Amino acid sequence: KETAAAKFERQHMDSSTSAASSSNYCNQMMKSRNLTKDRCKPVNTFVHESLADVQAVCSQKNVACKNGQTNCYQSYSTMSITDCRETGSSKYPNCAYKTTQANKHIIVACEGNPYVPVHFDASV
Ligand SMILES: [Cl-]
Ligand SMILES: [Cl-]
Ligand SMILES: [Cl-]
Ligand code: NA
């Protein structure tokens, strides 16, 4: 049974690459992180920075989350991210994703001790 912090890592961290360099990145990564197992997760973002740099966002700019909670933080700097979004022709079990690489600020919700990211709110 996964902790919230571990689930964030599995769903959103890809430090091994600096950026998505292929249109098939999302297809491969959504599968290998087990996000297509029982359903196609419709949207997911991967962050290509070190785990320490992402954890550090919990000490950056405190902002409201989309749901109105106040434990969200926006990174001071932009970060390399990949947005993965199901295509209109995607349907389980043959999940298919569009890969969009960008450099944006990330907004995460933080919780716990240590205070670490548990939810990916948005990128700007
Ligand atoms: Cl897993
Ligand atoms: Cl996401
Ligand atoms: Cl402030
Ligand atoms: Na946790």
Side-chain angles (χ1 to χ4, degrees):
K1 159 58 167 318
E2 217 171 13
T3 66
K7 189 179 303 282
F8 177 93
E9 292 168 346
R10 172 173 65 85
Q11 294 190 321
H12 302 296
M13 289 303 304
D14 182 11
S15 313
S16 71
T17 64
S18 63
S21 22
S22 145
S23 57
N24 288 318
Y25 171 91
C26 284
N27 289 333
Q28 293 157 198
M29 283 291 294
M30 297 293 283
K31 174 171 111 242
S32 64
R33 298 301 179 81
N34 292 327
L35 303 176
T36 62
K37 219 178 53 255
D38 296 306
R39 79 190 227 288
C40 309
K41 191 179 184 209
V43 181
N44 190 63
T45 303
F46 289 101
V47 184
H48 306 285
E49 305 290 346
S50 76
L51 184 61
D53 279 358
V54 175
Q55 288 171 337
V57 175
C58 297
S59 312
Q60 296 182 13
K61 183 71 167 191
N62 182 220
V63 296
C65 310
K66 277 161 139 58
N67 62 14
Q69 304 186 234
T70 55
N71 59 322
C72 277
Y73 296 83
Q74 182 166 319
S75 61
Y76 292 146
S77 76
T78 58
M79 291 185 172
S80 171
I81 63 167
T82 304
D83 287 308
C84 298
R85 205 162 272 258
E86 252 193 306
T87 63
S89 80
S90 173
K91 201 141 198 27
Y92 182 87
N94 290 284
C95 311
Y97 291 91
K98 177 178 163 51
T99 297
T100 308
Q101 171 69 32
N103 289 263
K104 308 142 85 165
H105 300 85
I106 65 172
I107 295 150
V108 294
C110 301
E111 281 181 21
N113 212 271
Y115 202 55
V116 296
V118 295
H119 292 307
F120 191 91
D121 205 57
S123 52
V124 296

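Nothing fancy with the numbering, it's 1 onward along the sequence. FYI, side chains are in, hydrogens and waters are out, and symmetry mates aren't considered; it's all heavy atoms of this structure.
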### Message
If you apply the rule disulfide bond (SG atoms under 2.5 Å apart), what do you find for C72 with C110, and how did you get there?
### Response
CA-CA 6 Å; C72 277; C110 301; over 6 Å; no
### Message
Side-chain heavy atoms under 4.5 Å apart, restricted to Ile/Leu/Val/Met/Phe/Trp/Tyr: what other residues fall into the cluster of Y73, or is it alone?
### Response
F8, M13, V47, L51, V54, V57, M79, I81, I106, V108, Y115, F120
### Query
Taking all non-hydrogen atoms of both residues, which atom of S90 and which atom of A96 are closest, and how far apart?
OG-N, 3.0 Å
### Task
Could you tell me whether a side-chain N or O of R33 sits under 3.5 Å from a main-chain N or O of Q11, the two making a donor and an acceptor?
no
### Query
Tracing side-chain links under 4.5 Å among I, L, V, M, F, W and Y, which residues wind up in one group with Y76?
none
### Set of residues satisfying salt bridge (charged side-chain N to carboxylate O under 4.0 Å, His left out) with respect to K31, sequence neighbours excluded
none
### Connected hydrophobic set around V124, excluding itself, where side chains approach under 4.5 Å
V63, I107
### Query
Quick one: side chain to side chain donor-acceptor pair (under 3.5 Å) partners of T99, sequence neighbours excluded?
none
### Query
Which atom names give the shortest non-hydrogen contact between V118 and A5, and what distance separates them?
CG1-N, 4.2 Å
### Query
Which residues, ordered by chain and number, are linked to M29 in its hydrophobic cluster, where ILVMFWY side chains connect at heavy-atom gaps below 4.5 Å, directly or through other members?
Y25, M30, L35, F46, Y97
### Message
By the salt bridge (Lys or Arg N to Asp or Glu O under 4.0 Å) test, which pairs, at least two apart or in different chains, include something from residues 40-62?
### Response
none
### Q55 side chain reached by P117 side chain, heavy atoms, under 4.5 Å
yes
### Query
Within a strict 4.5 Å, meaning less than it, do heavy atoms of the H105 and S75 side chains meet?
yes
### Message
Going by the rule side chain to side chain contact (heavy atoms under 4.5 Å, CB included), which residues pair with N24 if we only count those two or more places apart in sequence or in a different chain?
### Response
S22, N27, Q28
## Note on the structure
With sequence neighbours left out, the residues meeting side chain to side chain contact (heavy atoms under 4.5 Å, CB included) with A6 are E2, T3, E9
## Note on the structure
To the nearest 0.5 Å, atom OG1 of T82 lies from atom CG of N44 at 10.5 Å
### Query
Of all residues at least two apart in sequence or in a different chain, which pass the side chain to side chain contact (heavy atoms under 4.5 Å, CB included) check with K66?
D121, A122
### Query
Between the side chains of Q101 and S21, is a donor N or O closer than 3.5 angstrom to an acceptor N or O?
no
### Query
Any salt bridge (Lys or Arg N to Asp or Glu O under 4.0 Å) pairs touching residues 101-116, not counting sequence neighbours?
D83-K104
### Message
If we ignore hydrogens and angles and just use 3.5 Å, is the side chain of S80 paired with the main-chain N or O of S18 as donor and acceptor?
### Response
yes
### Query
Considering residues at least two apart in sequence or located in another chain, which fulfil the side chain to side chain contact (heavy atoms under 4.5 Å, CB included) criterion with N67?
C65, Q69
#### Entry: Straight-line distance of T17 OG1 to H48 NE2, nearest 0.5 Å
4.5 Å
